[PDB]
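First the structure, in the form of structure tokens, and then the observations on it.
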There are 2 protein chains.
Amino acid sequence: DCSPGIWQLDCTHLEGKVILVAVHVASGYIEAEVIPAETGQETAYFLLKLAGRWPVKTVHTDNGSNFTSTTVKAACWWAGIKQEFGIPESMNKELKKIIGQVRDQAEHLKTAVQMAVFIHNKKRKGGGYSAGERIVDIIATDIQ
Amino acid sequence: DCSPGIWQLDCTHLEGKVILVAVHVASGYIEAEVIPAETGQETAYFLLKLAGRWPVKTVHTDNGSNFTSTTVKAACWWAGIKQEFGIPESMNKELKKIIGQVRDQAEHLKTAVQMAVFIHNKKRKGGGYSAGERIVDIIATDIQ
Ligand SMILES: Cc1nc2ccc(Br)cc2c(-c2ccc(Cl)cc2)c1[C@H](OC(C)(C)C)C(=O)O
Ligand SMILES: Cc1nc2ccc(Br)cc2c(-c2ccc(Cl)cc2)c1[C@H](OC(C)(C)C)C(=O)O
Ligand SMILES: [As]
Ligand SMILES: [As]
Ligand SMILES: [As]
Ligand SMILES: [As]
């Protein structure tokens with residue numbers, strides 16, 4: 001399906017804390033970080049992080065105002081990301097499911113989150129690669 | 001050259017702050033994070049993060065005592081990482097070079113670091129893919 005450089009970025013709340021969640025839409029691969037609160041500075045920094053790892057062409061979000069900080073515009077600018085003016089899923093419900101199941105295993109919400117991300121990116125499809133294998137396949141295919 | 005699941009993990013110091021630096025040895029691709037101080041908890045958490053993203057088989061370090069926390073052993077255990085009992089470069093000098101050059105562009109050391117990581121992972125070889133393209137090629141090739 002989708003162009004290999006599109007990502008979706010959003011925040012959920014759990015335990016009084018904010019989770020920032022990136023989804024590479026063609027694969028389903030997520031990365032995620034617990035931040036103390038939703039600020040433009042946290043978003044910018046996460047985008048900077050994401051961009052030096054993957055080819056990030058455009059990012060979409062379900063709250064466009066997330067992206068209005070100058071901080072955030074500065075990060076998109078410097079790393080050459082364009083915003084998605086062009087899409088009018090839920091992993092957030094599912095990753096939240098996975099978090100709920102491991103929460104036991106860890107003291108800090110952040111550990112549970114990364115544990116949940118690990119499980120998600122590694123599960124093979126109901127029948128069939130894993131999100132982790134898919135993102136890498138898609139992005140390599142788009143190289144060679 | 002090297003097995004696609006080997007990583008090197010180490011810390012450098014700059015500005016009174018600790019930088020944790022992961023290097024995928026077959027590609028030269030790095031990821032990096034500024035942490036407030038070198039603790040076993042920071043290392044564990046970074047490994048958890050790294051492992052849900054890439055297939056991480058073994059990790060090496062230039063300071064084996066970094067890896068003796070139970071916290072750290074717990075993270076390697078849960079994510080199935082083995083430590084490298086089997087290697088007797090410098091990117092640290094080079095990434096530090098790249099940091100020194102961009103430091104100007106940012107207030108916080110952390111931003112400069114991610115900016116430096118971005119530049120590193122994206123530069124094409126002197127003649128020739130980039131570290132970013134290489135890691136993805138290696139890891140996809142080892143899938144199919
Ligand atoms: C604070 C902590 N203390 C521990 C003490 C003993 C053991 Br065995 C594990 C942990 C883990 C622990 C839990 C799970 C895993 Cl996979 C690895 C370590 C944590 C976790 O925090 C990090 C990862 C930041 C150190 C946690 O939140 O529980
Ligand atoms: C605090 C800060 N304030 C700013 C104010 C105006 C503008 Br234009 C950029 C920044 C940037 C800034 C600098 C570089 C880039 Cl690439 C993007 C934003 C930062 C950076 O911090 C992060 C990334 C955490 C927000 C920084 O350390 O300078
Ligand atoms: As957000
Ligand atoms: As943007
Ligand atoms: As370290
Ligand atoms: As280990």
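By order in the structure tokens, chains are A, B, ...; within a chain, residues start at 1; ligands start at 1, following the order shown.
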Select all residues from chain B having any atom no more than 6 Å from an atom of chain A (counting only C-alpha atoms, ignoring ligands), output as a VMD selection string. chain B and resid 49 52 114 118 136 to 137 140
Let me see the file: selected residues, C-alpha atoms, as an mmCIF file, in the first residue's frame.
data_model
loop_
_atom_site.group_PDB
_atom_site.id
_atom_site.type_symbol
_atom_site.label_atom_id
_atom_site.label_comp_id
_atom_site.auth_asym_id
_atom_site.auth_seq_id
_atom_site.Cartn_x
_atom_site.Cartn_y
_atom_site.Cartn_z
ATOM 1 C CA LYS B 49 14.256 0.675 23.323
ATOM 2 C CA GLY B 52 12.042 -3.412 19.847
ATOM 3 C CA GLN B 114 20.433 14.078 17.479
ATOM 4 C CA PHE B 118 21.096 12.504 11.652
ATOM 5 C CA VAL B 136 18.305 -1.436 6.524
ATOM 6 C CA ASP B 137 19.842 -3.369 3.570
ATOM 7 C CA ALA B 140 16.343 -7.006 5.170
#
Could the residues that lie within 9 Å of ligand 4, counting only C-alpha atoms and all ligand atoms, be listed as a VMD selection string? chain A and resid 44 47 58 to 60 67 to 68 72 to 77 80 to 84
Distance limit 6 Å, reference ligand 5, atoms considered: only C-alpha atoms and all ligand atoms. Which residues make the cut? Give them as JSON, numbers by chain. {"B": [10, 11, 20, 38, 66]}
Give me a file of those residues, with C-alpha atoms, as a tab-separated table (two decimals), in the first residue's frame.
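Written out: selection.tsv:
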chain	number	residue	atom	x	y	z
B	10	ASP	CA	29.22	2.97	25.27
B	11	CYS	CA	29.03	6.31	27.00
B	20	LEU	CA	24.87	6.88	25.45
B	38	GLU	CA	25.54	6.68	33.83
B	66	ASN	CA	28.50	-1.08	32.55
Dump the neighbourhood of ligand 3 as a compact mmCIF listing (two decimals) with N, CA and C atoms, in the first residue's frame: all residues within 10 Å, distances computed on only C-alpha atoms and all ligand atoms.
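After the write, out00.txt holds the following:
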# COMPACT_ATOMS: atom_id res chain seq x y z
N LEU A 9 1.95 10.58 13.99
CA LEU A 9 2.48 10.90 15.30
C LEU A 9 1.37 11.44 16.20
N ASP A 10 1.21 10.94 17.42
CA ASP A 10 0.09 11.33 18.30
C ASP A 10 0.44 11.14 19.75
N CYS A 11 -0.35 11.67 20.66
CA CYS A 11 -0.07 11.38 22.06
C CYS A 11 -1.27 10.73 22.67
N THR A 12 -1.03 9.72 23.52
CA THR A 12 -2.05 9.23 24.47
C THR A 12 -1.66 9.46 25.90
N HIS A 13 -2.63 9.33 26.79
CA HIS A 13 -2.43 9.56 28.21
C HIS A 13 -2.71 8.29 28.93
N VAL A 18 2.18 11.33 29.58
CA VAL A 18 1.92 11.42 28.15
C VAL A 18 2.81 10.46 27.43
N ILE A 19 2.23 9.66 26.53
CA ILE A 19 3.00 8.78 25.65
C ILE A 19 2.99 9.35 24.24
N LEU A 20 4.14 9.52 23.64
CA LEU A 20 4.18 9.97 22.25
C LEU A 20 4.36 8.72 21.37
N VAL A 21 3.55 8.57 20.33
CA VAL A 21 3.53 7.33 19.55
C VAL A 21 3.65 7.63 18.07
N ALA A 22 4.74 7.12 17.46
CA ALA A 22 4.98 7.19 16.00
C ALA A 22 4.64 5.86 15.32
N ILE A 35 6.87 10.94 27.71
CA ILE A 35 7.35 12.30 28.04
C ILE A 35 6.57 12.86 29.25
N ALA A 37 5.16 15.92 29.82
CA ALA A 37 3.95 16.60 29.30
C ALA A 37 4.06 17.02 27.83
N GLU A 38 2.89 17.14 27.17
CA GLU A 38 2.76 17.49 25.74
C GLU A 38 3.25 18.88 25.48
N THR A 39 4.53 19.03 25.16
CA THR A 39 5.02 20.33 24.67
C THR A 39 5.58 20.21 23.27
N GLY A 40 5.51 21.31 22.55
CA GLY A 40 6.19 21.46 21.28
C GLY A 40 7.66 21.06 21.31
N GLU A 42 9.08 18.70 23.19
CA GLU A 42 9.15 17.26 23.22
C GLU A 42 8.89 16.68 21.83
N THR A 43 7.95 17.27 21.10
CA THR A 43 7.59 16.76 19.80
C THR A 43 8.74 16.94 18.84
N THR A 61 -0.91 13.57 11.84
CA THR A 61 -1.29 13.55 13.24
C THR A 61 -2.77 13.75 13.32
N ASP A 62 -3.38 13.31 14.40
CA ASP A 62 -4.79 13.59 14.55
C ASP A 62 -5.10 14.89 15.32
N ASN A 63 -4.09 15.73 15.55
CA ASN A 63 -4.30 17.00 16.19
C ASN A 63 -3.33 18.00 15.62
N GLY A 64 -3.73 18.69 14.55
CA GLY A 64 -2.82 19.54 13.80
C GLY A 64 -2.16 20.63 14.63
N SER A 65 -2.80 21.02 15.73
CA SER A 65 -2.26 22.06 16.59
C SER A 65 -1.02 21.59 17.35
N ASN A 66 -0.85 20.27 17.43
CA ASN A 66 0.36 19.69 17.99
C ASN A 66 1.58 20.25 17.27
N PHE A 67 1.38 20.65 16.02
CA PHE A 67 2.47 20.86 15.10
C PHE A 67 2.72 22.33 14.82
Mind pulling up the distance from atom 18 (C, counted along the ligand's line) of ligand 2 to atom CA of residue 97 of chain B? 20.3 Å
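Shortest atom-to-atom contact with ligand 6 among B:14, B:6, B:109, B:91: B:6, counting only C-alpha atoms and all ligand atoms.
Counting from atom 4 (C, counted along the ligand's line) of ligand 2, the distance to atom CA of residue 85 of chain A is 24.0 Å.
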Chain A: which residues are alpha helix (DSSP H) by DSSP, as a ChimeraX atom specification? /A:40-51,70-78,91-102,109-122,131-141
Please, which residues of segment 9-82 of chain B, numbered as in this document, come out strand (DSSP E or B) from DSSP, as a PyMOL selection string? chain B and resi 9-14+17-24+30-35+58-60+82
